[PDB]
Chemist: 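Structure incoming, see below.
Only heavy atoms go into these numbers, but all of them, side chains included; no hydrogens, no water, no symmetry mates. In what follows, every chain begins at residue 1, and chains take the letters A, B, ... in the order their sequences are listed.
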Amino acid sequence: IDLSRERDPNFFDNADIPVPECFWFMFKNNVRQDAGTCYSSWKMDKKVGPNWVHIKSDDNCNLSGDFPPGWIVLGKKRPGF
Amino acid sequence: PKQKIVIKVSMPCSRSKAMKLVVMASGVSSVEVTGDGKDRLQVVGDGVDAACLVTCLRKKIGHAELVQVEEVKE
């Protein structure tokens, strides 16, 4: 997994709220399943395969949480943020 | 108190209809299609009832499930 080789998520930054600073990419057994946006220095709840995961983001979009086996969600700061 | 919720919805035409159903719900400010499969509705609003949305989408469109909940960082 090199996130520099991952195409951008299919994002929509709503103009009515702050732009999220992170891209997230979800993998099962190292194959991309989906991708999206989330805020840095923040938190979200995300369905990761069969489980709900509470995912914390740091200031560089490093993501942490209790992922089920086989699954990961990796973050990266969007260009210019 | 703004929220971003993402709901995955089986939308193979119907996407129109799903989006119409969501953008009309109480509290909803916006809905747009996201995701690698173009099948995640990204719903932004105040006081949005996810359960209600998922339920209606099941009734009217086809399988729906809540996949992301993020408070809007201000």
Chemist: Report yes if the side chains of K60(B) and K17(B) come closer than 4.5 Å at any heavy-atom pair, otherwise no.
Modeler: no
Chemist: How about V48(B) and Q3(B): do any of their side-chain heavy atoms sit closer than 4.5 Å?
Modeler: no
Chemist: Is a side-chain N or O of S40(A) found less than 3.5 angstrom from the main chain of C22(A), in a donor-acceptor match?
Modeler: no
Chemist: So, do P20(A) and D13(A) sit near enough that their side-chain heavy atoms are less than 4.5 Å apart?
Modeler: yes
Chemist: Has the side chain of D2(A) got a donor or acceptor atom that lies under 3.5 Å from a matching backbone atom of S4(A)?
Modeler: yes
Chemist: Before accepting this row, confirm whether a basic side-chain N of the pair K46(A)/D34(A) lies closer than 4.0 Å to the acidic partner's carboxylate O.
Modeler: no
Chemist: Treat each ILVMFWY residue as a node, draw an edge where side-chain heavy atoms are under 4.5 Å apart, and state whether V31(B) and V33(B) are in one component.
Modeler: yes
Chemist: Determine the minimum heavy-atom distance between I61(B) and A18(B), stating which atoms define it.
Modeler: CD1-N, 3.6 Å
Chemist: What do the steps show when you test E21(A) against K73(B) for salt bridge (charged side-chain N to carboxylate O under 4.0 Å, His left out), and what is the final call?
Modeler: CA-CA 11 Å; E21(A) 303 99 331; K73(B) 190 180 73 168; 2.8 Å; yes
Chemist: Using only atom types and a distance under 3.5 Å, with no angle test, would you say the side chain of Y39(A) pairs donor to acceptor with the backbone of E70(B)?
Modeler: no
Chemist: Check the pair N14(A), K4(B) against side chain to side chain contact (heavy atoms under 4.5 Å, CB included), reporting the backbone distance first and the verdict last.
Modeler: CA-CA 10 Å; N14(A) 311 66; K4(B) 175 178 136 152; 5.8 Å; no
Chemist: For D59(A) and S41(A), test the side chains for any donor-to-acceptor distance below 3.5 angstrom and give the result as yes or no.
Modeler: yes
Chemist: What verdict does the side chain to side chain contact (heavy atoms under 4.5 Å, CB included) test give for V22(B) and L57(B), after you've listed the backbone C-alpha separation in whole Å, the side-chain angles of each residue and the deciding distance to 0.1 Å?
Modeler: CA-CA 8 Å; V22(B) 174; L57(B) 294 163; 4.1 Å; yes
Chemist: Between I55(A) and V69(B), is there shared hydrophobic-cluster membership here, with clusters defined by ILVMFWY side-chain heavy atoms closer than 4.5 Å?
Modeler: no
Chemist: Among the clusters formed by ILVMFWY side chains lying less than 4.5 Å apart, do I5(B) and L41(B) turn up in the same one?
Modeler: yes
Chemist: Shortest non-hydrogen contact from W24(A) to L63(A)?
Modeler: CB-CD1, 3.8 Å
Chemist: Should the pair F23(A) and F25(A) be assigned to parallel (<30°), tilted (30 to 60°) or perpendicular (>60°) ring geometry?
Modeler: perpendicular
Chemist: Any salt bridge linking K47(A) with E65(B)? Criterion: basic side-chain nitrogen under 4.0 Å from a carboxylate oxygen.
Modeler: no
Chemist: Between the side chains of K43(A) and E71(B), is the shortest nitrogen-to-carboxylate-oxygen separation below 4.0 Å, so that they form an ion pair?
Modeler: yes
Chemist: Mind checking what makes side-chain contact (heavy atoms from CB on, under 4.5 Å) contact with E32(B), not counting sequence neighbours?
Modeler: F12(A), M19(B)
Chemist: With a 4.5 Å heavy-atom cut-off, do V53(A) and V73(A) have their side chains touching?
Modeler: no
Chemist: For the residue pair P9(A) and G36(A), what are the closest heavy atoms and their distance?
Modeler: CG-O, 3.5 Å
Chemist: Are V44(B) and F11(A) connected in a single hydrophobic cluster, I mean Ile/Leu/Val/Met/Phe/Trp/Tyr linked by side-chain heavy atoms less than 4.5 Å apart?
Modeler: no
Chemist: Do the side chain of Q33(A) and the main chain of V31(A) share a donor and acceptor less than 3.5 angstrom apart?
Modeler: yes
Chemist: Atom OG in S26(B), atom CG in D46(B): separation rounded to 0.5 Å?
Modeler: 11.5 Å
Chemist: Taking all non-hydrogen atoms of both residues into account, name the closest pair between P12(B) and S14(B) and its distance.
Modeler: N-OG, 3.6 Å
Chemist: Rounded to the nearest 0.5 Å, what separation is found between the OG1 atom of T34(B) and the CD1 atom of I7(B)?
Modeler: 11.0 Å
Chemist: To check you understand the geometry: which heavy-atom pair defines the closest contact between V67(B) and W52(A), and what is its length?
Modeler: C-CH2, 3.6 Å
Chemist: For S29(B) and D16(A): C-alpha separation, side-chain torsions, deciding distance, then whether side chain to side chain contact (heavy atoms under 4.5 Å, CB included) applies.
Modeler: CA-CA 9 Å; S29(B) 288; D16(A) 51 356; 3.9 Å; yes
Chemist: If you take all heavy atoms of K38(B) and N10(A), which pair is closest and at what distance?
Modeler: CG-ND2, 3.5 Å
Chemist: I need the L3(A) CG to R32(A) CZ distance, nearest 0.5 Å.
Modeler: 9.5 Å
Chemist: Linking I/L/V/M/F/W/Y whenever their side-chain heavy atoms sit closer than 4.5 Å, directly or via other members, would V72(B) and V6(B) fall into one cluster?
Modeler: no
Chemist: How far apart are the C-alpha atoms of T37(A) and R78(A), what are their side-chain angles, what is the distance that settles it, and do they pass the side chain to side chain contact (heavy atoms under 4.5 Å, CB included) test?
Modeler: CA-CA 9 Å; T37(A) 61; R78(A) 296 173 70 171; 3.8 Å; yes
